[PDB]
């Protein structure tokens, strides 16, 4: 019959920023406050907890605060890294994990800082087994948002970031593809706002 209120339900920051998640809880006798981090495709992982009596715990970039009199508790990430992107769940219990009450979750996205933005769109090589033509919008700044296609047989995926670890190089991309005849690269992302200086080769 108890609740834990998690705010905000969505949080998006730039790599380097801090991020804070505020929870409240209704059960006065709660004495254990874990925090779970669930990355896409994985189970939740318990990252920090505050077993009460005290107001603060710090573990490197992760820190939690608890105020039993207000029944607030908080999670603070400093120096966010993109691998902090996940759903975070706060929880409060009085009797261990058996009686955890769970926050509704916060989706943290940390977009990476793009060192040298190089906005361009490329026509990918055709595949002997596909009728599709594939267009790659890559190397754009993170302040750019990719809308979906207003065409029925034009498929546009959302922004995605890959990390070429060995050269410390992160990179945004988005993909459009279609089999329809009236489809080339210069118009795939028209329903989006590419920067003014995006490169279109031939």
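Numbering follows the first chain given and starts at 1.
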Study note, to complete from the structure: Averaging the C-alpha temperature factors as deposited, the higher value of 87-95 versus 121-129 falls on 121-129
**Study point:** Between 110-118 and 69-77 (mean CA B-factor, as deposited), the higher
**Key:** 110-118
Study note, to complete from the structure: Note to self: of 60, 166, 30, 173, the C-alpha temperature factor tops out at 166
Check your understanding: Between 53, 38, 157, 26, which carries the biggest CA temperature factor in the record?
Key -> 53
